[PDB]
Structure formats: C-alpha cells, structure tokens
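J.: Below you will find the structure I want to go over with you.
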Amino acid sequence: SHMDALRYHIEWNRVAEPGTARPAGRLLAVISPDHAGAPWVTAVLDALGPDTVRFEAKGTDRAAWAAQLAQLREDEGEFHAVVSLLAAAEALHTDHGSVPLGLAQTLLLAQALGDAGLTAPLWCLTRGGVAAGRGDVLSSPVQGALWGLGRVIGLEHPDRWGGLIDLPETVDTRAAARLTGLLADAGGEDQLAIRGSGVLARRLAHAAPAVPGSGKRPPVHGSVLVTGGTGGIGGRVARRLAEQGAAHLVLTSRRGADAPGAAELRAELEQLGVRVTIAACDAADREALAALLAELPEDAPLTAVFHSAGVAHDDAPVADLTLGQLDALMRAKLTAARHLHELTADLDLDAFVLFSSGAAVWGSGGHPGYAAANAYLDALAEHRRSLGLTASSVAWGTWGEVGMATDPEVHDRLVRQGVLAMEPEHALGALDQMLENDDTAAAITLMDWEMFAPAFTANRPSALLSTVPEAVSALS
Ligand SMILES: NC(=O)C1=CN([C@@H]2O[C@H](COP(=O)(O)OP(=O)(O)OC[C@H]3O[C@@H](n4cnc5c(N)ncnc54)[C@H](OP(=O)(O)O)[C@@H]3O)[C@@H](O)[C@H]2O)C=CC1
C-alpha cells in the first residue's frame, strides 16, 4: 500500500562498544550553575575527570559567554570536545515561559561557541530525553526537546557538532566508560543512548505494514477536541472524524470562529450530522482550556485530542535565533501540550494525538526552534505511554492542498529536498493505519530518497538513514 509506504518509525539499534581510552586532549564541560546537582550530572563530571575544564553558563547572555569562552580557549588552546550538561536545567526561563532554561542555554552555547571560535565538537548530554530499547522509560520530555535542536545544529554547523547522548538512570562505571569512549571516537554515530545492555543508536526505518484491528482503535464517538481545528490539516482531520462518527467536534484556534474558512468548515461538518463548537482559545492558556472542557455535554464526554495548533514562521538559523523567537515557537507545542496532558490525564481518553514534524524527526536547516518544539511532542507521547496513558505523535512530512506548505516559498524548499507533498487523503489514511495499530510514534511522509539522502548527507554522514534501504541505495 501507498499509505503503508508513507509511514516510518524511529528505532534504536545496538552499535559497537567504544574504545577504553579517554580522549587525549582536554574536554570543556559546560554546567548550568543552578541545575548542577542531579545525580547524572555529578556522575558525568566525575567521569570526565578532574583535568576537564569547567565552564558555568550563567543566565542567558550570548556576548558575555562568547567573551568567557574566548578566554578559556586562549589559555588552553584547542579542546578535544565540548560536553554540555545544560539539559539538566528543566525549569522554565524567567523571561520566556515556554522555553526550558537548558534549551535556551544550549542555543546560546552553540551561538557563543561559534562567536568565540571554539571548534571542538559539541556533545549535548540528556537523561531520559529519549525512549531507547525495550521497556525504556522517557522520563523527561523537556530534555527531549533538546534533541530536536541538536539535530538542526548538526545540519547547520556539522563541523563543530559532536552529537547527542542520553545517559541511563544510574551512571555506573560501565556507563561512564561508554560515555568517555564515545567522546574519544563515536564511529560516526551522533544520536546515541547509553543503557545497561549496551550503547544504542537512532535509526529511521519503514514502519510495519498495516494490520486491521491490531491496536483495537475504539470507534470515534463523544466529543473530540481538535486544536488548530480551523487550520489546514486540522479541518481535514475534523471532516474525517465527522465521517467516522464523532458526536461533537470542538475546534479551537486563536481566531476561532473568525479564522479563515471557518463558516464553510462548520457547514460542511454539520451537513454530516455533527455538533460543532468553534472556539477562540489559545492552546497555551490553561484557564481557557479548562473552561472549554468544563462546558462539554454530559452525553458527549471528551474521548480524544488531536493537537494540530502550531506555527512554523519566524524561526531562524541556529546562529541567529533569539529567545523571543524560540518562545513564540514553543508556545503552541510545549506549553499547550503540557496543559492538554495535565487536564486529560484523568479522563481515560481513547486517543491523544500530537502533530509533530519531519523537522523534529530528521532535522531541517533553518528551523531549530520548530524542531525543538516538535521534538517535545514526540517525547511527551512516549512519556505518557510510560504512565499507562494513551498517546501518539505523528511527525508529518509535507502536506499538499491545505496547510502551511501551500506556499511556493515553503512548498518549494521541502519538495526540492525530496520531502514531497502528500495528498491529504493518503496522509489521513496513513494516520488511521497508525491509530488502528495503536503505535506511539511515526513519521508520515512521502520521500524521494534519491533526492533526499545525498542532499541530507552532503557535509556529514547520517547513521540515522542507514536503515532505509532506499537511502543506502541512493548513496551507493
Ligand atoms: N502542513 C504541513 O506540511 C505540516 C504541518 N505540520 C504540523 O501540523 C499542524 C497543522 O499544520 P497546518 O494545518 O498545516 O497549519 P495551519 O497554519 O493551516 O494550521 C495551524 C493552526 O494552528 C492554530 N494555532 C497556531 N497557534 C495556536 C495557538 N497558540 N493556540 C491555538 N491555536 C493555534 C492556527 O490558528 P490561529 O492562528 O487562529 O491560532 C491554525 O488553526 C501544525 O502543528 C504543524 O506544525 C507538521 C509537518 C508538516
């Protein structure tokens, strides 16, 4: 099936044990000084040894840090690598309420490193930022957002990017030597998870072809909330849900009933026999979401959430992105999803579906903030499953016909890299296959791998695509 052919999933596969020798040159470890006390942080510092130079990254001050870094590099000469432990700062930034401090500080570290001319590869360390290997629990969706940013740093600054490595719960000497061995030589891998049983690396693979009924998707009924539901993809989603038996669709967006084409969408849906509520509700406004849930009919309880609210504009290259630009991109993603998760964790939903992006799955140059914000969605769906709650994340490629890519500016970039426009019917038919399987995570994308692989790997290899035979063929 053509719909099967759109579905991919991320997998984690065992890679080689690294060597036993620590790096020969000096490491620079970067610490968030208010968030330096987590057991994993202390275990990593202890692993890097006391000849490691330590840099405390205080506040969020690019220029100040560029000066401090330039001095360290003057005094020490080249470093072997930069090891960032800033991900431990999960608290939200005081001035940008949708940005985790660690995320803002990682962006400023990547910028300031470039500003000072430190060229040693940067490695971003997380703990519980990914779900790698069977039974693995993703404990920190916040740190998971950092992997969306790091993949984009690897595309924009390939020559000074090491990679990402997730630490285990307890960093024992076996975990420590795996870490220090990877910092000595990682075999070309750059998205790694250290676990009890071995070191795992991230891979993209074609998904299992569809099986009718396997995940036992309950029939669509009751009230379903589609945030961004007046939007391109969200309106098509609502039409499908209508066709599928929803009693009541609650569509939200900032503009609500004043959104473009909202009257037409309400009319098409109602012709189908559905109750329609359209509300103007910022998805990051907790009190407004609560008010909306409190209003639902007794006879039509919430049964599902489809989170399509989001913006992609006003992003920027890693070297330029501001914290205010990052905040505005994170708002509908991190803040809204966190509220949706908190207000439905007790409702026994049949589906909690979060719409992510290929920028968060593989990465796309020029879109670091969107990549981080979408990577948090993917992370939260895995975390929710760990709590015994339903969730899925669907990272879309490019939609044709409706939505954000229907601009010869935004359309023509993606398609030229081999990320082709999907027919909405095909994209939705694939999503239903994912829902019928009850899968946690998928990318649904039409790819031209002959165009995509070579373009994506022009400046550094990708181990992520080694598990796509089309990509392996294109690079042969
Ligand atoms: N189109 C595509 O190819 C792809 C889309 N995606 C993702 O799919 C989802 C749908 O995108 P698409 O339909 O194409 O985009 P659209 O711009 O058509 O729809 C996005 C919308 O979400 C709403 N929205 C934006 N911010 C908020 C907010 N803070 N609170 C509530 N609603 C908000 C918008 O309305 P308003 O401005 O009135 O709030 C609009 O309804 C997005 O999350 C997007 O990131 C991912 C990959 C590809």
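J.: So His411 clears everything in (1) within 10 Å of the ligand (Cβ to nearest atom); (2) farther than 24 Å from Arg134 by Cα; (3) assigned to a helix (DSSP H, G or I); (4) in contact (Cβ under 8 Å) with a residue 24 or more places away in the chain except one condition, right? Which one?
T.: (4)
J.: On to the next question. Scan the range 141-174 for residues that are in contact (Cβ under 8 Å) with a residue 60 or more places away in the chain and among the small types (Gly, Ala, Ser) and jot them down.
T.: If the condition is that a residue be in contact (Cβ under 8 Å) with a residue 60 or more places away in the chain and among the small types (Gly, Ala, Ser), then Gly144, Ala145, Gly148, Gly154, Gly162 are the ones that fit.
J.: Residue by residue through the range 374-407, note down the ones that are more than 9 Å from the ligand (Cβ to nearest atom), over 21 Å from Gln433 (Cβ atoms) and either buried (at least 24 other Cβ atoms within 10 Å of the Cβ) or not charged (D, E, K, R) (or both).
T.: The answer is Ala375, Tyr376, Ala379, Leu380, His383, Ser386, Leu387, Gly388, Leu389.
J.: Could you give me the residue pairs with C-beta distances under 8 Å whose first residue belongs to the range 362-387 and is farther than 14 Å from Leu164 by Cβ, whose second residue is polar (S, T, N, Q) and in a helix (DSSP H, G or I) wherever it lies, and which are 6+ apart or on separate chains?
T.: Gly369/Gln325
J.: Within the set of pairs 6+ apart or on separate chains, which have a first residue in the range 266-287 that is under 17 Å from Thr335 (Cα atoms), a second that is more than 14 Å from the ligand (Cβ to nearest atom) and not aliphatic (A, V, I, L, M), and C-beta atoms under 7 Å apart?
T.: Filtered contacts from the range 266-287: no entries.
J.: Working carefully through the options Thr344, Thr390, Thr322, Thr303, find the one that is in contact with an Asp or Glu (Cβ under 9 Å, 6 or more places away or on another chain), among the β-branched types (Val, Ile, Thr) and under 27 Å from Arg255 (Cα atoms).
T.: Unique residue meeting the criteria: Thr303.
J.: Return the total of residues in the range 46-78 being of a type in the set (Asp, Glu), assigned to a loop (DSSP other than H, G, I, E, B) and in contact with a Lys or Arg (Cβ under 9 Å, 6 or more places away or on another chain). Reasoning before the result, please.
T.: First pass over the range 46-78, keeping only residues of a type in the set (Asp, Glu): 46, 51, 56, 61, 74-76, 78.
Pick out the ones that are also assigned to a loop (DSSP other than H, G, I, E, B) and you get 51, 61, 78.
Those left that are additionally in contact with a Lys or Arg (Cβ under 9 Å, 6 or more places away or on another chain): 51, 78.
Qualifying residue count for the region: 2.
J.: Residue under question is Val130, and the condition is that it be touching a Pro at 6+ places or on another chain (Cβ under 7 Å), in contact (Cβ under 8 Å) with a residue 60 or more places away in the chain and surrounded by 23 or more Cβ atoms within 10 Å (Cβ to Cβ); does it hold?
T.: Working: touching a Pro at 6+ places or on another chain (Cβ under 7 Å): no; in contact (Cβ under 8 Å) with a residue 60 or more places away in the chain: yes; surrounded by 23 or more Cβ atoms within 10 Å (Cβ to Cβ): yes.
No: the conditions fail for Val130.
J.: Just wondering, is there one or more residues in the range 227-244 that are over 30 Å from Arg160 (Cα atoms) and surrounded by fewer than 16 Cβ atoms within 10 Å (Cβ to Cβ)? Steps first, answer last, please.
T.: The initial filter retains those residues of the range 227-244 that are over 30 Å from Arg160 (Cα atoms), namely 227-244.
Applying the additional criterion that residues be surrounded by fewer than 16 Cβ atoms within 10 Å (Cβ to Cβ) yields 243-244.
The answer is yes; a qualifying residue exists.
J.: Consider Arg254 against the criteria (1) over 26 Å from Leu349 (Cα atoms); (2) among the charged types (D, E, K, R); (3) within 14 Å of the ligand (Cβ to nearest atom): it satisfies all of them except one. Which criterion is unmet?
T.: (1)
J.: Considering only the range 343-391, how many residues are of a type outside the set (A, V, I, L, M), more than 26 Å from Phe456 (Cα to Cα) and out of contact with any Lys or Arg (no Cβ under 9 Å at 6 or more places or on another chain)?
T.: Just the residues of the range 343-391 that are of a type outside the set (A, V, I, L, M), to begin with: 344, 346, 348, 350, 352, 355-358, 362-370, 374, 376, 378, 382-386, 388, 390.
Still in the running and more than 26 Å from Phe456 (Cα to Cα): 344, 346, 348, 350, 352, 382-386, 388, 390.
From what's left, out of contact with any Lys or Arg (no Cβ under 9 Å at 6 or more places or on another chain): 344, 346, 348, 382-386, 388.
Matching residues across the range 343-391 total 9.
J.: Check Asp448 against each of (1) surrounded by fewer than 20 Cβ atoms within 10 Å (Cβ to Cβ); (2) farther than 29 Å from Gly324 by Cα; (3) within 15 Å of the ligand (Cβ to nearest atom) and name the one condition it does not meet.
T.: Unmet condition: (3).
J.: Check whether at least one residue in the range 165-186 is out of contact with any helix residue (DSSP H, G or I) (no Cβ under 6 Å at 6 or more places or on another chain) and closer than 22 Å to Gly366 by Cα, and report yes or no.
T.: Checked against the condition, which is being out of contact with any helix residue (DSSP H, G or I) (no Cβ under 6 Å at 6 or more places or on another chain) and closer than 22 Å to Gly366 by Cα, the range 165-186 yields no hits at all.
J.: Looking at the range 133-176 only, could you name the residues that are over 13 Å from the mean Cα position of the chain (by Cα), assigned to a loop (DSSP other than H, G, I, E, B) and among the small types (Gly, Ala, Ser)?
T.: Correct list: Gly133, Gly135, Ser139.
J.: If we keep just the residues of the range 265-300 that are acidic (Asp, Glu) and out of contact with any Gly (no Cβ under 9 Å at 6 or more places or on another chain), which is nearest to the ligand (Cβ to nearest atom)? Break it down into steps so the answer makes sense when it comes.
T.: Within the range 265-300, the first condition is being acidic (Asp, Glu), and the residues that meet it are 268, 270, 282, 285, 287, 295, 298-299.
Still in the running and out of contact with any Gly (no Cβ under 9 Å at 6 or more places or on another chain): 270, 282, 285, 287, 295, 298.
Numbers: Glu270: 19, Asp282: 5, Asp285: 8, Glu287: 14, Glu295: 17, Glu298: 26 Å.
My answer is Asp282.
Coordinate-derived values only; no laboratory data. For neighbour counting, all protein chains shown are included, and Cβ atoms are generated from backbone atoms with ideal geometry for every residue, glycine included.
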